[PDB]
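> So I pulled this structure from the PDB, and the sequence comes with it:
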Amino acid sequence: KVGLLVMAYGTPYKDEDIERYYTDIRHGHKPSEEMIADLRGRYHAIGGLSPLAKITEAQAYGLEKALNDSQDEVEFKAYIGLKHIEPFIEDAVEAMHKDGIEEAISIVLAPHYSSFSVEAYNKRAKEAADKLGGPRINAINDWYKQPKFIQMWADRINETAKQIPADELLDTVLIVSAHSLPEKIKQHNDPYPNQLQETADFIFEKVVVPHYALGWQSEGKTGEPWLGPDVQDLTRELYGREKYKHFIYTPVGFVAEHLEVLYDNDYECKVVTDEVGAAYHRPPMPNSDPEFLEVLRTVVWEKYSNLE
Ligand SMILES: CC1=C(CCC(=O)O)c2cc3nc(cc4[nH]c(cc5[nH]c(cc1n2)c(C)c5CCC(=O)O)c(CCC(=O)O)c4C)C(CCC(=O)O)=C3C
Ligand SMILES: [Ca+2]
């Protein structure tokens, strides 16, 4: 078999897990009671917990099945490795090794590369495999250039746009976003900001929406500048300059409904559109839609074919 190491951020399974999860995010430094209360309040606002654990499972095992149903050159076996709760990246590599997996392909459920995200997933996976003696991990770094990925988002955007009155489409803007990172990554030409711009450009040329902008969301609690503009601020700025009637938010750096979409878009961006008198749109996330499982199947199968 070939191991398929499918990686993602992780989410609390239970309300009681929030403290240890947030501590892991903060590199072992326990957050304060006020920080914990803020995060717990956001989870409460979206219904109590996030759907990300179930979606991530459906993505990983749906990918495994799409691959195995489409060819008989190899058998893939999926192992889920999460960044900040069990099963951790290291636990997934240990499981492959214990099962006798000799070779693996890895994919992060985030289509863009950065030094804070995919690089860190890959370093941890490689370091765990090195200590164990295997498996050899063949990492996919990014996959936003996949045409089926771009077309999936364009199709969702066009479906939403077709329900906007034709006389208001000229007053509609597409806001393309991803998770913000510290601005300092630009100092060393990290590819992440340019990958998001390329993604926005590729999508724009396949949709009927005539206006678009790139923003960022979910910047952390630090004392340094992060990539912007923030999507809330950008919404205000664009309404100020152009008086758009419809804002369509596609946080294409993410692949699932989770806290950073359900709260940071569907609550925080809608607060702004409500304040200025515009309509809020946020198309369905890829989740485990068959189209999205086909994107991932294409990516992994191309990777496997290029290794051989
Ligand atoms: C680049 C990136 C992605 C995208 C790529 C990938 O998918 O890996 C991502 C995804 C996610 N981030 C998530 C959650 C959180 N991220 C946080 C904090 C942070 N994220 C960061 C980066 C990223 N994060 C960074 C540099 C910090 C600051 C750390 C610090 O402060 O030193 C915090 C702490 C509180 C806060 O900052 O709001 C939380 C709760 C969830 C799960 C949501 C759920 O449970 O549904 C998901 C999918
Ligand atoms: Ca925030």
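Yes, it's here. Numbering: from 1, shown residues only. Ligands and ions are numbered 1, 2, ... in the order given.
> what sits against the residue lying closest to residue 299 once chain neighbours are set aside?
Distances taken as Cβ to Cβ, 6 or more residues apart in numbering place residue 143 nearest to residue 299, at 4.5 Å, with adjacent residues excluded. (Each C-beta comes from the backbone N, C-alpha and C, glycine too.) When contacts are counted by Cβ atoms under 8 Å, 6 or more residues apart in numbering, residue 143 touches 107, 111, 149, 295-296, 299.
> how close does residue 143 get to ligand 1?
Taking Cβ to the nearest ligand atom, to the nearest Å as the criterion, residue 143 is separated from ligand 1 by 13 Å.
> can I assume that residue sits in a strand?
No. Counting by DSSP: H, G, I helix; E, B strand; the rest coil, residue 143 is not found in a strand; it is coil.
> Next, give phi and psi for it.
Note on residue 143: its backbone torsions stand at phi -150, psi 20 [degrees, to the nearest 10].
> dump the residue contacts of the residue most central in space within the chain.
The residue lying closest to the centre of the chain (Cα atoms, centre = their mean) is residue 254, at 2.2 Å. Residues near residue 254 by Cβ under 8 Å, 6+ apart: 110, 178-179, 260-261, 285.
> go with 7 Å
By Cβ atoms under 7 Å, 6 or more residues apart in numbering, the contact set of residue 254 is 260-261, 285.
> Let me know the secondary structure of it.
Here residue 254 is recorded as coil under three-state DSSP.
> Distance of it relative to residue 129?
Per Cβ to Cβ, to the nearest Å, residue 254 is found 27 Å from residue 129.
> do the same with residue 116
Residue 116 is 21 Å from residue 129, by Cβ to Cβ.
> Same question for residue 141.
Counting by Cβ to Cβ, the gap from residue 141 to residue 129 is 17 Å.
> Pick out whichever of those two has more residues nearby.
Remark: of residue 141 and residue 129, residue 129 carries more neighbours, 23 against 15, as counted by other Cβ atoms under 10 Å.
> Neighbours of residue 69, how many?
Neighbour count for residue 69, taken as other Cβ under 10 Å: 9.
> Among the contacts of residue 143, give me the pair with the biggest separation.
Between any two of these, the greatest separation by Cβ to Cβ is 12.5 Å, found for 107 and 149.
> can stretch 199-206 be found next to ligand 1?
No. Judged by Cβ under 6 Å from any ligand atom, stretch 199-206 makes no contact with ligand 1; its nearest approach is 13.6 Å.
> thinking again about what came up before, among the contacts of residue 254, which are in helices?
Secondary structure of those is defined by DSSP state H; positions in helices are 260-261.
> what's near enough to touch residue 50?
11, 43, 258-259.
> Over to it. Which of the three states is it?
Relying on three-state DSSP, one would call residue 50 coil.
> ok, now how distant is it from residue 220?
The value you get for residue 50 to residue 220, if Cβ to Cβ is used, is 17 Å.
> can you check residue 115 too?
According to Cβ to Cβ, residue 115 and residue 220 sit 15 Å apart.
> What of residue 133?
36 Å.
> between these two, which one's more packed in?
residue 220 (12 against 8).
> quick one: what helix or strand has that one in it?
Using DSSP states H and E, residue 220 sits in no helix or strand.
> ok, it to residue 275 distance?
24 Å.
> Ok, residue 232 next?
Residue 232 is 10 Å from residue 275, by Cβ to Cβ.
> Over to residue 215?
Applying Cβ to Cβ, the value for residue 215 to residue 275 is 17 Å.
> Mind checking which of these two has more residues around it?
Per other Cβ under 10 Å, whichever of residue 215 and residue 275 has more neighbours is residue 215, with 25 against 12.
> need the contact list for that one.
Here residue 215 is in contact with 175, 177, 229-231, 234 (criterion: Cβ under 7 Å, 6+ apart).
> any idea which of those residues is the one closest to ligand 1?
Within the contacts of residue 215, the smallest distance to ligand 1 is 11.1 Å, found for residue 177 (Cβ to the nearest ligand atom).
> tell me which parts of the chain are close to ligand 1?
Proximity of the chain to ligand 1 (Cβ under 6 Å from any ligand atom) is limited to residues 8-9, 11, 22, 25-26, 39, 50, 52, 110, 116-117, 179, 181, 220-221, 253, 258-260.
> same thing but at 5 Å, please
9, 11, 25, 50, 52, 110, 117, 179, 220, 258-259 (Cβ under 5 Å from any ligand atom).
> Which entries within the residues you listed meet the buried criterion?
Among the residues of the chain next to ligand 1, those buried by neighbour count (16 or more other Cβ atoms under 10 Å) are 9, 11, 25, 50, 52, 110, 117, 179, 258-259.
> Kindly indicate which of those lies nearest residue 62.
Nearest to residue 62 among these is residue 52, at 14.9 Å by Cβ to Cβ.
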